[PDB]
Amino acid sequence: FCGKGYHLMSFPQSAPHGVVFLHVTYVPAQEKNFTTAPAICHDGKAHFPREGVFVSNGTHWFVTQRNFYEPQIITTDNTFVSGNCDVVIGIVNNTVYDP
Amino acid sequence: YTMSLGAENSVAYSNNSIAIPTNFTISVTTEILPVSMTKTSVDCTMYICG
Amino acid sequence: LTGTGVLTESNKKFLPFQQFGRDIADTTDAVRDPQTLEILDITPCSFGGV
Amino acid sequence: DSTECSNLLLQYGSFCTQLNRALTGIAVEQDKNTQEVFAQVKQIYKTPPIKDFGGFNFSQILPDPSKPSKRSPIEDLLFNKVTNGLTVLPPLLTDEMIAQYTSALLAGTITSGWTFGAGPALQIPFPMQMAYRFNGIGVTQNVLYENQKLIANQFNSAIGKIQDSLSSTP
Amino acid sequence: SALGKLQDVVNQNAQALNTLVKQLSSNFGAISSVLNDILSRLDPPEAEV
Ligand SMILES: *[C@@H]1O[C@H](CO)[C@@H](O[C@@H]2O[C@H](CO)[C@@H](O)[C@H](O)[C@H]2NC(C)=O)[C@H](O)[C@H]1NC(C)=O
Ligand SMILES: *[C@@H]1O[C@H](CO)[C@@H](O[C@@H]2O[C@H](CO)[C@@H](O)[C@H](O)[C@H]2NC(C)=O)[C@H](O)[C@H]1NC(C)=O
Ligand SMILES: *[C@@H]1O[C@H](CO)[C@@H](O[C@@H]2O[C@H](CO)[C@@H](O)[C@H](O)[C@H]2NC(C)=O)[C@H](O)[C@H]1NC(C)=O
Ligand SMILES: *[C@@H]1O[C@H](CO)[C@@H](O[C@@H]2O[C@H](CO)[C@@H](O)[C@H](O)[C@H]2NC(C)=O)[C@H](O)[C@H]1NC(C)=O
Ligand SMILES: *[C@@H]1O[C@H](CO)[C@@H](O[C@@H]2O[C@H](CO)[C@@H](O)[C@H](O)[C@H]2NC(C)=O)[C@H](O)[C@H]1NC(C)=O
Ligand SMILES: *[C@@H]1O[C@H](CO)[C@@H](O)[C@H](O)[C@H]1NC(C)=O
Ligand SMILES: *[C@@H]1O[C@H](CO)[C@@H](O)[C@H](O)[C@H]1NC(C)=O
């Protein structure tokens, strides 16, 4: 509705019998492959990201925000626990750090 | 010629891989929308008859 | 040729054969007067909406 | 072909030009309408050959390779259910290319989420895409993951009911 | 051609005005398209027609 991409803001400009909108939008770029999982299995419990997504660079698991790569250590502060590991399809084993 | 619809892109889908952006582009685009016309009035009697 | 308008001096370089002039609507816009051969411009009298 | 009629028709001026220009404007407006609706992507996406979407079935909406028209079964049913100086101009986009555009849109929204509509197509597993959509409506991801088989079964049943309802309602 | 949407509206309105002005040059089956010629050539019973 307000340009191609994720809309940030817009500027109006007057035109003869018309209006010109300068739509400022955010476009993602320089994407990178990662190995992802729906949940993390730890201590018999399933951990799900509060706002982000589990990614892996090949050996180590992190959680990052969805629209920008910013890897962080999977802790209890950024994950929540629901159920055991027997239900979620594709759950992987990784440690969950406790601050 | 028969026009092409787009460049062909195959998305590398698999059940455990995701693509995460590592950078961004601030893109400004134009959208032109007409608002009004020229306000024209026609004297019907003068146009038909003078 | 009948009509109503204000007759004024003009700067239109008519060729010798040329007598009158016509606009897009085909109404006469300039005329060459007989007897004196001068070229008179025909400008419609002021009008508009009240 | 009456020449006396056309000689008398020239007395009315440029009425025919106005009618032809209005019809030409309508004719290019139809192609503009189809262009604005269907050509919203400049990349033609395809689904992977293996349809492993975590139990979600899209065969009724993905194109059928066995059909020569390359239409989905739902689109094939939709196309089956619709039945002096005059000329009909063909549309600029054929039905095959409109079906190709819808196939590209379906492949983009299946394999890449809403990311292809805002930029480059970023792949994501479909049970993760669904979880993101669940979080968009305010339901936690765990609810989707725990009940993923039931949600896939409900989605497949609803898609089949859509095809049955279209095939059973005139 | 960046500003074609506004120029399209301007061209359509100017072309409609030009067509409306051009339609005065047509006689529509009458002897002349000029009213003064008809009023100076004919009696009112046929000038009325
Ligand atoms: C995945 O990321 C982690 C963290 O960025 C990497 O682990 C680090 O690797 C560097 C380079 O070998 C070492 O100097 C650090 O000591 C490592 N940190 C830890 C905590 O182990 C890891 O190497 C990355 N893996 C891949 C395949 O890129
Ligand atoms: C993830 O961890 C769980 C628990 O640590 C593993 O489940 C165990 O697997 C072994 C051998 O497969 C069994 O003998 C145990 O009885 C299992 N325990 C439980 C509680 O299920 C699981 O195999 C691990 N998965 C991976 C891929 O390493
Ligand atoms: C993520 O990985 C996939 C597969 O490993 C990459 O897709 C391949 O890209 C190359 C280069 O364009 C093609 O020649 C292959 O045909 C692609 N394979 C498939 C299965 O699509 C993809 O490019 C990677 N993405 C990133 C950002 O590196
Ligand atoms: C993210 O993208 C920007 C450009 O969009 C990169 O900035 C460029 O970096 C190169 C090399 O450092 C410079 O030569 C260019 O002049 C930079 N361009 C601008 C506009 O500043 C930036 O390096 C990228 N960052 C990452 C982490 O990939
Ligand atoms: C996805 O759905 C289609 C149709 O709903 C399934 O195809 C059916 O498969 C069964 C058994 O294999 C056949 O008896 C039916 O005749 C098929 N129907 C059609 C319309 O082809 C398909 O099995 C489902 N699953 C997958 C993985 O594609
Ligand atoms: C993904 O597919 C592989 C086979 O290609 C399978 O081993 C694995 O269990 C699948 N994971 C999920 C979460 O479906
Ligand atoms: C009469 O009109 C002619 C043009 O037909 C012109 O040459 C001549 O000078 C005029 N004479 C007078 C007295 O106006």
# chains A, B, ... in the order shown; residues from 1 in each chain; ligands from 1
$ residues_near_ligand --ligand "ligand 2" --cutoff "7 Å" --atoms "only C-alpha atoms and all ligand atoms" --output "PyMOL selection string"
chain A and resi 41+44+92-93
$ residues_around --residues "residue A:79" --least-positions-apart "5" --cutoff "10 Å" --atoms "only C-alpha atoms" --output "list in words"
residues 39, 40, 46, 47, 48, 49, 50, 51, 52, 53, 54, 63, 74 and 96 of chain A
$ select_by_dssp --residues "chain D" --states "strand (DSSP E)" --output "count of residues only"
4
$ interface_residues --of "chain E" --to "chain A" --cutoff "10 Å" --atoms "only C-alpha atoms" --output "PyMOL selection string"
chain E and resi 3+5-7+9-10
$ write_last_selection --atoms "C-alpha atoms" --output "PDB file, in the first residue's frame"
ATOM      1  CA  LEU E   3       4.633  11.799 -14.872  1.00  0.00           C
ATOM      2  CA  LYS E   5      -0.587   9.660 -15.079  1.00  0.00           C
ATOM      3  CA  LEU E   6      -1.132  13.404 -14.598  1.00  0.00           C
ATOM      4  CA  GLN E   7      -0.310  14.179 -18.231  1.00  0.00           C
ATOM      5  CA  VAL E   9      -5.609  13.420 -17.358  1.00  0.00           C
ATOM      6  CA  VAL E  10      -4.488  16.777 -18.799  1.00  0.00           C
TER       7      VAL E  10
END
$ residues_around --residues "residue C:37" --least-positions-apart "6" --cutoff "10 Å" --atoms "only C-alpha atoms" --output "list in words"
residues 16, 19 and 31 of chain C
$ select_by_dssp --residues "chain E" --states "helix (DSSP H, G or I)" --output "ChimeraX atom specification"
/E:4-25,35-41,44-47
$ write_last_selection --atoms "C-alpha atoms" --output "compact mmCIF listing (two decimals), in the first residue's frame"
# COMPACT_ATOMS: atom_id res chain seq x y z
CA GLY E 4 2.38 10.10 -17.41
CA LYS E 5 -0.59 9.66 -15.08
CA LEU E 6 -1.13 13.40 -14.60
CA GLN E 7 -0.31 14.18 -18.23
CA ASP E 8 -2.88 11.57 -19.29
CA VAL E 9 -5.61 13.42 -17.36
CA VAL E 10 -4.49 16.78 -18.80
CA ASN E 11 -4.43 15.36 -22.34
CA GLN E 12 -7.86 13.73 -21.95
CA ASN E 13 -9.45 16.96 -20.70
CA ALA E 14 -7.80 19.07 -23.42
CA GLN E 15 -8.79 16.54 -26.09
CA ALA E 16 -12.40 16.52 -24.85
CA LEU E 17 -12.47 20.33 -25.06
CA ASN E 18 -10.91 20.22 -28.54
CA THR E 19 -13.51 17.69 -29.71
CA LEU E 20 -16.33 19.83 -28.27
CA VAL E 21 -14.97 22.91 -30.07
CA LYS E 22 -14.47 20.90 -33.30
CA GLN E 23 -18.11 19.72 -33.21
CA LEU E 24 -19.23 23.30 -33.93
CA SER E 25 -17.72 22.97 -37.42
CA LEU E 35 -25.75 30.19 -37.56
CA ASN E 36 -25.28 33.69 -38.99
CA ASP E 37 -25.18 32.31 -42.54
CA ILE E 38 -28.51 30.52 -42.02
CA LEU E 39 -30.07 33.57 -40.35
CA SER E 40 -28.87 35.85 -43.16
CA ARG E 41 -29.79 33.50 -46.02
CA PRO E 44 -37.55 31.87 -40.43
CA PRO E 45 -39.83 28.95 -41.56
CA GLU E 46 -36.88 27.12 -43.16
CA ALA E 47 -34.15 28.72 -41.04
$ interface_residues --of "chain D" --to "chain B" --cutoff "7 Å" --atoms "only C-alpha atoms" --output "list in words"
residues 42, 43, 44, 45, 46, 48, 53, 111, 122, 123, 124 and 125 of chain D
$ residues_near_ligand --ligand "ligand 1" --cutoff "9 Å" --atoms "only C-alpha atoms and all ligand atoms" --output "MDAnalysis selection string"
chainID A and resid 56:62 71
$ write_last_selection --atoms "C-alpha atoms" --output "PDB file, in the first residue's frame"
ATOM      1  CA  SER A  56      22.530 -22.790  13.173  1.00  0.00           C
ATOM      2  CA  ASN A  57      25.727 -21.941  11.318  1.00  0.00           C
ATOM      3  CA  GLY A  58      26.712 -25.609  11.165  1.00  0.00           C
ATOM      4  CA  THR A  59      27.939 -26.472  14.655  1.00  0.00           C
ATOM      5  CA  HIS A  60      26.361 -23.985  17.063  1.00  0.00           C
ATOM      6  CA  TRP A  61      22.755 -22.964  17.658  1.00  0.00           C
ATOM      7  CA  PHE A  62      21.635 -19.372  18.156  1.00  0.00           C
ATOM      8  CA  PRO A  71      22.833 -14.257  16.545  1.00  0.00           C
TER       9      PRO A  71
END
$ closest_atom_pairs --of "chain D" --to "ligand 5" --cutoff "7 Å" --atoms "only C-alpha atoms and all ligand atoms" --output "Markdown table"
| residue | atom | partner | partner_atom_place_in_ligand_line | distance |
| --- | --- | --- | --- | --- |
| D:51 | CA | ligand 5 | 27 (C) | 6.4 |
| D:57 | CA | ligand 5 | 1 (C) | 4.8 |
| D:58 | CA | ligand 5 | 1 (C) | 6.7 |
| D:59 | CA | ligand 5 | 2 (O) | 5.4 |
| D:60 | CA | ligand 5 | 5 (O) | 6.5 |
| D:160 | CA | ligand 5 | 5 (O) | 6.7 |
$ residues_near_ligand --ligand "ligand 7" --cutoff "8 Å" --atoms "only C-alpha atoms and all ligand atoms" --output "PyMOL selection string"
chain C and resi 34-37
$ write_last_selection --atoms "N, CA, C and O atoms" --output "PDB file, in the first residue's frame"
ATOM      1  N   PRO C  34     -13.045  45.057 -47.689  1.00  0.00           N
ATOM      2  CA  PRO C  34     -13.050  45.559 -49.067  1.00  0.00           C
ATOM      3  C   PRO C  34     -12.823  47.065 -49.096  1.00  0.00           C
ATOM      4  O   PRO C  34     -12.806  47.741 -48.063  1.00  0.00           O
ATOM      5  N   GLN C  35     -12.617  47.586 -50.317  1.00  0.00           N
ATOM      6  CA  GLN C  35     -12.407  49.002 -50.664  1.00  0.00           C
ATOM      7  C   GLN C  35     -11.042  49.526 -50.208  1.00  0.00           C
ATOM      8  O   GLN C  35     -10.390  50.271 -50.948  1.00  0.00           O
ATOM      9  N   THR C  36     -10.592  49.142 -49.006  1.00  0.00           N
ATOM     10  CA  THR C  36      -9.359  49.650 -48.429  1.00  0.00           C
ATOM     11  C   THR C  36      -8.308  48.548 -48.250  1.00  0.00           C
ATOM     12  O   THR C  36      -7.136  48.859 -47.995  1.00  0.00           O
ATOM     13  N   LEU C  37      -8.662  47.280 -48.501  1.00  0.00           N
ATOM     14  CA  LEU C  37      -7.774  46.110 -48.525  1.00  0.00           C
ATOM     15  C   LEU C  37      -7.008  45.845 -47.222  1.00  0.00           C
ATOM     16  O   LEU C  37      -6.124  44.979 -47.205  1.00  0.00           O
TER      17      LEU C  37
END
$ residues_around --residues "stretch 25-27 of chain D" --least-positions-apart "4" --cutoff "10 Å" --atoms "only C-alpha atoms" --output "PyMOL selection string"
chain D and resi 19-21+31-32+88-92
$ residues_near_ligand --ligand "ligand 6" --cutoff "6 Å" --atoms "only C-alpha atoms and all ligand atoms" --output "list in words"
residues 89 and 90 of chain A; 15 of chain B; 54 of chain D
$ interface_residues --of "chain A" --to "chain D" --cutoff "8 Å" --atoms "only C-alpha atoms" --output "list in words"
residues 4, 5, 6, 27, 28, 29, 31, 38, 48, 82, 87, 88 and 89 of chain A
$ residues_near_ligand --ligand "ligand 4" --cutoff "7 Å" --atoms "only C-alpha atoms and all ligand atoms" --output "CSV table (one decimal) with N, CA and C atoms, in the first residue's frame"
chain,number,residue,atom,x,y,z
A,30,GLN,N,21.3,-9.2,1.2
A,30,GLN,CA,22.5,-10.1,1.6
A,30,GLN,C,22.1,-11.2,2.5
B,22,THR,N,21.2,-10.4,6.3
B,22,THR,CA,22.3,-9.9,7.1
B,22,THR,C,22.5,-8.4,6.8
B,23,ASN,N,21.8,-7.8,6.0
B,23,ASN,CA,21.9,-6.4,5.6
B,23,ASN,C,20.6,-5.9,5.1
B,24,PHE,N,20.5,-4.6,4.7
B,24,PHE,CA,19.3,-4.0,4.3
B,24,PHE,C,19.6,-2.9,3.3
B,25,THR,N,18.5,-2.5,2.6
B,25,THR,CA,18.6,-1.4,1.7
B,25,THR,C,17.4,-0.5,2.0
$ decode --residues "stretch 3-37 of chain E" --atoms "N, CA, C and O atoms" --output "tab-separated table (two decimals), in the first residue's frame"
chain	number	residue	atom	x	y	z
E	3	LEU	N	5.84	11.10	-15.31
E	3	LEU	CA	4.63	11.80	-14.87
E	3	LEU	C	3.48	11.57	-15.83
E	3	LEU	O	2.68	12.48	-16.08
E	4	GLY	N	3.37	10.36	-16.38
E	4	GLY	CA	2.38	10.10	-17.41
E	4	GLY	C	0.96	10.04	-16.91
E	4	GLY	O	0.03	10.23	-17.70
E	5	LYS	N	0.76	9.78	-15.61
E	5	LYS	CA	-0.59	9.66	-15.08
E	5	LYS	C	-1.28	11.01	-15.00
E	5	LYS	O	-2.48	11.12	-15.28
E	6	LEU	N	-0.55	12.06	-14.61
E	6	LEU	CA	-1.13	13.40	-14.60
E	6	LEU	C	-1.28	13.95	-16.01
E	6	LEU	O	-2.29	14.61	-16.33
E	7	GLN	N	-0.28	13.70	-16.86
E	7	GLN	CA	-0.31	14.18	-18.23
E	7	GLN	C	-1.41	13.50	-19.03
E	7	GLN	O	-1.97	14.11	-19.95
E	8	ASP	N	-1.77	12.27	-18.66
E	8	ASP	CA	-2.88	11.57	-19.29
E	8	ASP	C	-4.19	12.27	-18.99
E	8	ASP	O	-5.02	12.46	-19.89
E	9	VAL	N	-4.39	12.70	-17.74
E	9	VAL	CA	-5.61	13.42	-17.36
E	9	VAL	C	-5.68	14.77	-18.06
E	9	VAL	O	-6.74	15.17	-18.57
E	10	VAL	N	-4.54	15.48	-18.12
E	10	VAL	CA	-4.49	16.78	-18.80
E	10	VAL	C	-4.79	16.63	-20.29
E	10	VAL	O	-5.57	17.40	-20.86
E	11	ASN	N	-4.21	15.60	-20.92
E	11	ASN	CA	-4.43	15.36	-22.34
E	11	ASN	C	-5.86	14.94	-22.63
E	11	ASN	O	-6.43	15.36	-23.65
E	12	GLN	N	-6.46	14.13	-21.76
E	12	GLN	CA	-7.86	13.73	-21.95
E	12	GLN	C	-8.80	14.92	-21.83
E	12	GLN	O	-9.73	15.05	-22.63
E	13	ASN	N	-8.57	15.80	-20.85
E	13	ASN	CA	-9.45	16.96	-20.70
E	13	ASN	C	-9.28	17.94	-21.86
E	13	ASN	O	-10.28	18.47	-22.39
E	14	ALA	N	-8.04	18.18	-22.30
E	14	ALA	CA	-7.80	19.07	-23.42
E	14	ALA	C	-8.35	18.50	-24.72
E	14	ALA	O	-8.88	19.24	-25.56
E	15	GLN	N	-8.26	17.18	-24.89
E	15	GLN	CA	-8.79	16.54	-26.09
E	15	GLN	C	-10.32	16.54	-26.10
E	15	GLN	O	-10.93	16.70	-27.16
E	16	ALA	N	-10.95	16.40	-24.93
E	16	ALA	CA	-12.40	16.52	-24.85
E	16	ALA	C	-12.87	17.93	-25.19
E	16	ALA	O	-13.86	18.11	-25.92
E	17	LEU	N	-12.16	18.95	-24.69
E	17	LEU	CA	-12.47	20.33	-25.06
E	17	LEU	C	-12.26	20.58	-26.54
E	17	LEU	O	-13.06	21.28	-27.18
E	18	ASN	N	-11.18	20.03	-27.11
E	18	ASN	CA	-10.91	20.22	-28.54
E	18	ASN	C	-11.96	19.54	-29.40
E	18	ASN	O	-12.36	20.09	-30.44
E	19	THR	N	-12.43	18.37	-28.99
E	19	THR	CA	-13.51	17.69	-29.71
E	19	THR	C	-14.81	18.48	-29.62
E	19	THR	O	-15.53	18.61	-30.62
E	20	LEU	N	-15.11	19.04	-28.44
E	20	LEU	CA	-16.33	19.83	-28.27
E	20	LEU	C	-16.29	21.11	-29.10
E	20	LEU	O	-17.31	21.53	-29.64
E	21	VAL	N	-15.11	21.73	-29.22
E	21	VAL	CA	-14.97	22.91	-30.07
E	21	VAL	C	-15.06	22.51	-31.55
E	21	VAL	O	-15.69	23.21	-32.35
E	22	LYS	N	-14.46	21.37	-31.92
E	22	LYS	CA	-14.47	20.90	-33.30
E	22	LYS	C	-15.88	20.53	-33.77
E	22	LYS	O	-16.19	20.67	-34.95
E	23	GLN	N	-16.74	20.10	-32.85
E	23	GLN	CA	-18.11	19.72	-33.21
E	23	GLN	C	-18.96	20.90	-33.66
E	23	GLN	O	-20.02	20.69	-34.26
E	24	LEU	N	-18.54	22.14	-33.39
E	24	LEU	CA	-19.23	23.30	-33.93
E	24	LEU	C	-19.04	23.45	-35.43
E	24	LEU	O	-19.86	24.10	-36.08
E	25	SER	N	-17.98	22.88	-35.99
E	25	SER	CA	-17.72	22.97	-37.42
E	25	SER	C	-18.59	22.04	-38.24
E	25	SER	O	-18.59	22.14	-39.47
E	26	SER	N	-19.34	21.14	-37.61
E	26	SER	CA	-20.20	20.21	-38.32
E	26	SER	C	-21.59	20.80	-38.48
E	26	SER	O	-22.14	21.40	-37.55
E	27	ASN	N	-22.16	20.63	-39.67
E	27	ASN	CA	-23.49	21.16	-39.95
E	27	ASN	C	-24.62	20.22	-39.55
E	27	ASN	O	-25.76	20.67	-39.46
E	28	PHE	N	-24.31	18.93	-39.32
E	28	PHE	CA	-25.27	17.90	-38.88
E	28	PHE	C	-26.45	17.77	-39.85
E	28	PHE	O	-27.59	17.58	-39.43
E	29	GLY	N	-26.17	17.87	-41.14
E	29	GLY	CA	-27.20	17.78	-42.15
E	29	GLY	C	-27.80	19.10	-42.59
E	29	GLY	O	-28.57	19.12	-43.55
E	30	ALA	N	-27.46	20.20	-41.92
E	30	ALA	CA	-27.96	21.50	-42.34
E	30	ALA	C	-27.14	22.03	-43.51
E	30	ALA	O	-26.14	21.44	-43.93
E	31	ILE	N	-27.58	23.18	-44.04
E	31	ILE	CA	-26.91	23.77	-45.19
E	31	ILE	C	-25.56	24.37	-44.80
E	31	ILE	O	-24.65	24.47	-45.63
E	32	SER	N	-25.41	24.77	-43.54
E	32	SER	CA	-24.16	25.36	-43.08
E	32	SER	C	-24.02	25.11	-41.59
E	32	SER	O	-25.01	24.89	-40.88
E	33	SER	N	-22.78	25.15	-41.11
E	33	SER	CA	-22.51	25.03	-39.69
E	33	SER	C	-22.49	26.37	-38.99
E	33	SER	O	-22.37	26.41	-37.76
E	34	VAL	N	-22.61	27.47	-39.73
E	34	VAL	CA	-22.59	28.81	-39.17
E	34	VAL	C	-24.03	29.29	-39.03
E	34	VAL	O	-24.80	29.24	-39.98
E	35	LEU	N	-24.38	29.75	-37.82
E	35	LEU	CA	-25.75	30.19	-37.56
E	35	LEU	C	-26.06	31.51	-38.25
E	35	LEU	O	-27.20	31.73	-38.68
E	36	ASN	N	-25.07	32.40	-38.35
E	36	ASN	CA	-25.28	33.69	-38.99
E	36	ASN	C	-25.54	33.55	-40.48
E	36	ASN	O	-26.33	34.32	-41.04
E	37	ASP	N	-24.92	32.56	-41.12
E	37	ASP	CA	-25.18	32.31	-42.54
E	37	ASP	C	-26.61	31.86	-42.77
E	37	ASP	O	-27.27	32.32	-43.71
